[PDB]
Ligand SMILES: *CC(=O)N(CCC(N)=O)NC(=O)[C@H](CC(C)C)NC(=O)OCc1ccccc1
Ligand SMILES: *CC(=O)N(CCC(N)=O)NC(=O)[C@H](CC(C)C)NC(=O)OCc1ccccc1
């Protein structure tokens, strides 16, 4: 019992983290097989980072301009290439600690684990989600660029995120591991706004299901609602619409608890219109939307990874 | 910027987790050097678990009754011993991945990271606190017993918690790595109650400082307060008293933000009396008390560990 923002265990990723240095710019990189992936703005100077031309800065570079270093043992660069916003640095030695891995692009509403790193060394691990506006609400200081986000599937690390920048509201933007940004953001220091964010409805229902599996029931009601009449309330409250696919993913949670998905929508509806009245749900005074149905099942059935 | 429940990277502890089996009881253990640490109730049978006589049960056991396995290789047990509620299984092989470590007893209010494990395999990592009533609000299913909590200091792991049991309210109890429970709980399945919990005042103030460092200022005011008049209010709201050692530890955070500790106390005082009016602080509609001053500094200056 209990429920927490649980991250995947981070050991497999820790063994991949390295430090990439170009000029006076130092960020974190990811070393898989004989490639180190990092953000391309490592080749920028603090006076190039306004309107850089990356192809143009890169062609003026040699393999020996990249000090890549794993712990204390450094790494000889023997090739380099740009893939969108990511640099791929071929080094002369394959990472022994390389896990079974893959690169994937996730959608808004999915969650993943972040290993925040500084100078190639892990600092901490936390969970979060791809917001519907393709920001993530992370915790990132200067030099965290190059930190990755990931999910674990038994033995297989699925890298989905690399960190590039903070936005002015204080949220974060980045790319997948093929270098394409999530959202309309670019790797320069200019005026970019996050865009309007919405609450991930399917996740809020799943966390209401986690509440019931853990004994919280004060928010249930006899009430039901149609899918259409619920979406009417949800749009009023800036919640993303609920589709039949969402209803279907919540099946297992509906059947484990005996509470029909549309009944739980009637509960969510009544919580939006009334608030909470000082009650909490799973130690929160807010409706949480950064738990997927998968997260809930995992943290309510004991799914491990090795 | 940003602020989240950040856990220590868990790789050093993952390399230590193993499966211990006695009879049909399987739980997790900690293999450090040639010793495997687990909860002693592994030697119980599901009919022993009401009023066990642990030493009586342990003298009826041989080394070969203990199936200890690290991945697929098993470890031969070549000695056994009881240290309070922890069983010490001496194995014929020293763990190669044994990090620098130590065993520490933590105080209420301090935090640590939990690596929830099942059958020796890490499932997830999360941050929490020793409540003032010596419970922890974990996320723990059947078979999570033997999971450890820890802090990291540069290279050294500090083991402070081994998981033993869930209480009826759904919170969790356990021991340090020398086997002594935190709190008045015993490793048997009888009527045990958590006791009344208080809020960790010093941590709430540290999280208020985290909010200021991250741009949340709305709850500040011109008011100030004496230490005594603040305590008069916090005790009314079931908050733990504020001492000068608390004031002292919040020194750096005070100085870095420019806000005296007693000014921030006055701000907390008003938050207790008025609530939040739907406002939020660091994404939370509650006053958060599972962040110590050290946690805030770490996350707000990017301390790393290697
Ligand atoms: C490289 C790095 O660590 N970044 C992460 C910064 C934070 N706080 O998340 N990214 C940048 O420093 C980035 C460099 C550009 C893309 C060449 N710039 C950026 O994010 O702009 C705003 C900013 C920068 C640093 C700290 C706060 C905000
Ligand atoms: C080791 C283990 O699996 N336990 C953790 C169980 C949870 N959910 O924390 N501990 C026990 O099963 C424990 C065994 C006793 C101490 C010999 N019993 C216990 O915690 O009592 C209530 C309970 C048991 C299992 C699941 C929920 C609650």
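Derivation of every value follows stated rules applied to the coordinates shown; laboratory data play no part. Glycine gets a Cβ as well: all are built from the backbone with ideal geometry, and neighbour counts include every protein chain shown.
Couple of notes before you dig in:
- Checked against (1) touching a strand residue (DSSP E or B) at 6+ places or on another chain (Cβ under 6 Å); (2) within 9 Å of ligand 1 (Cβ to nearest atom), residue A:170 passes all but condition (1).
- The one condition from (1) surrounded by fewer than 20 Cβ atoms within 10 Å (Cβ to Cβ); (2) within 14 Å of ligand 1 (Cβ to nearest atom) that residue A:104 does not meet is (2).
- Which listed residue is in contact with a strand residue (DSSP E or B) (Cβ under 9 Å, 6 or more places away or on another chain) and within 14 Å of chain A (Cβ to nearest Cβ), from B:290, B:240: B:290
- Within the set B:146, B:138, the sole residue that is touching a helix residue (DSSP H, G or I) at 6+ places or on another chain (Cβ under 9 Å), within 14 Å of chain A (Cβ to nearest Cβ) and within 15 Å of ligand 2 (Cβ to nearest atom) turns out to be B:146.
- Residues in segment B:1-50 that are within 14 Å of chain A (Cβ to nearest Cβ), within 23 Å of residue B:165 (Cβ to Cβ) and within 22 Å of the chain's Cα centre (by Cα): B:7, B:10, B:13, B:16, B:17, B:18, B:19, B:27, B:28.
- Pairs, first in contact (Cβ under 8 Å) with a residue 24 or more places away in the chain and away from chain B (no Cβ under 14 Å) in segment A:158-186, second within 11 Å of ligand 1 (Cβ to nearest atom) and assigned to a loop (DSSP other than H, G, I, E, B), C-beta under 6 Å, six or more apart: A:164/A:145; A:164/A:187; A:175/A:85; A:179/A:85; A:185/A:192
- Scanning segment A:120-146 for residues that are more than 11 Å from ligand 1 (Cβ to nearest atom) and assigned to a loop (DSSP other than H, G, I, E, B) turns up A:120, A:130, A:131, A:132, A:133, A:134, A:135, A:137.
- Of the residues making up segment A:269-287, those that are touching a strand residue (DSSP E or B) at 6+ places or on another chain (Cβ under 8 Å) and surrounded by 20 or more Cβ atoms within 10 Å (Cβ to Cβ) number 1.
- Flag for residue A:255 being assigned to a helix (DSSP H, G or I) and either surrounded by 19 or more Cβ atoms within 10 Å (Cβ to Cβ) or in contact (Cβ under 8 Å) with a residue 24 or more places away in the chain (or both): no
- Scanning segment B:293-306 for residues that are within 20 Å of residue B:239 (Cβ to Cβ) and within 10 Å of another protein chain (Cβ to nearest Cβ) yields a single hit, B:295.
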